[PDB]
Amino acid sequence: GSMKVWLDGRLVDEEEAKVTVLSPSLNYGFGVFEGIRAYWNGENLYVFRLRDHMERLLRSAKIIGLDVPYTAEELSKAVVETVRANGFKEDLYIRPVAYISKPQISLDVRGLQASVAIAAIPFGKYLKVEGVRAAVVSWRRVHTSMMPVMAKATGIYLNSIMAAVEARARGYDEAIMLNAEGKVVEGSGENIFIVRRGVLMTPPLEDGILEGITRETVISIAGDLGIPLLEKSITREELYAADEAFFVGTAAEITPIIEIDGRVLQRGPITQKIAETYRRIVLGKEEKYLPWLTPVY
């Protein structure tokens, strides 16, 4: 067992895909990354919303001032080449990461050129498919006036780490974070939805959350299924009182939340319908959505 990894145009062994410990990306949290799934349906391997993830990678890089010298098209091709070169025929999580490979102590990162690495890794479920127990954590989500939280920027994730570790140490599966204004915004690595009186609600972008591609997927799904949907701020009380709640994300997929700070919630019907639909979409069984699947072979 040793898989290949794309790195600035070249396939190398995992063991050779390394960056100097003096990199300002390692020292100062200055890079961007992505999370992309590929699903095996029995007949092919499909990368889900590949192009969308690669355009977001570049939006992230533009947001933080990182120069990524590749286009979204190149990056997309790179993913396909990398999955091929390994001959995977199973569910993958794909990690592109863009970082500075030059050693540099100076915070002045102007004019640097990012490298990109892409790894593909066998991956099953991230959260219990039957539902997870969640805790609102003491750590607040980092705020837009301090760090650009809408970007999937590496240094921001120290915030997600504090959150994730705190919930897990206390026995739970996942953290929920509030923003600076006390609104429910995000799991450590998931966007969040609740259902209240048959309306689906998810915090708006302006609340300071990652603009998740799963989130966006679920918004279209709700459009198709005729489920009324509001992008509206959510408070802790609404979460405690929700008829249902669930997390969404590339790794997380669609996962029900069956407990929040000891308050029990049903594994609910809207969650279930959305989870079933999303599975059909990613496995290639919904014709309308095939433009979002990139065949590897």
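Position 1 is the first residue in the sequence shown; the rest follow in order.
A.B. asks: Should the higher mean CA B-factor in the entry be assigned to 37-45 or to 59-67?
C.D. replies: In the deposited entry, the stretch with the higher C-alpha B-factor mean is 37-45.
A.B. asks: Looking only at CA atoms, which has the higher mean B factor in the entry: 20-28 or 284-292?
C.D. replies: The entry gives the higher C-alpha B-factor average to 284-292.
A.B. asks: Using only the C-alpha B-factors in the record, can you name which of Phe193, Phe88, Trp139, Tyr93 has the highest?
C.D. replies: Top of the list by C-alpha B-factor: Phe88.
A.B. asks: Just to confirm, going by the entry's C-alpha B-factors, which of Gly182, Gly155, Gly131, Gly187 comes out highest?
C.D. replies: Out of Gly182, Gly155, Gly131, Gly187, the record gives the largest C-alpha B-factor to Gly131.
A.B. asks: Which third, lowest, middle or highest, does the CA B-factor of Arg168 fall in along this chain?
C.D. replies: It belongs to the middle third of the chain when residues are ordered by C-alpha B-factor.
A.B. asks: Sorting the chain's modelled residues by C-alpha B-factor, tell me whether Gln266 ends up in the lowest, middle or highest third.
C.D. replies: Within its chain, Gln266 is a highest-third residue by C-alpha B-factor, going by the deposited values.
A.B. asks: For the chain shown, is the CA B-factor of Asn159 in the lowest, middle or highest third of its modelled residues?
C.D. replies: CA B-factor rank for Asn159: lowest third.
A.B. asks: Using only modelled residues of the chain, where does the Cα B factor of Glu73 rank: lowest third, middle third or highest third?
C.D. replies: As the PDB entry reports it, the C-alpha B-factor of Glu73 lands in the highest third of its chain.
A.B. asks: In terms of the CA temperature factor given in the entry, to which third of its chain does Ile221 belong: lowest, middle or highest?
C.D. replies: Ranked within chain, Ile221 CA B lands in the middle tercile.
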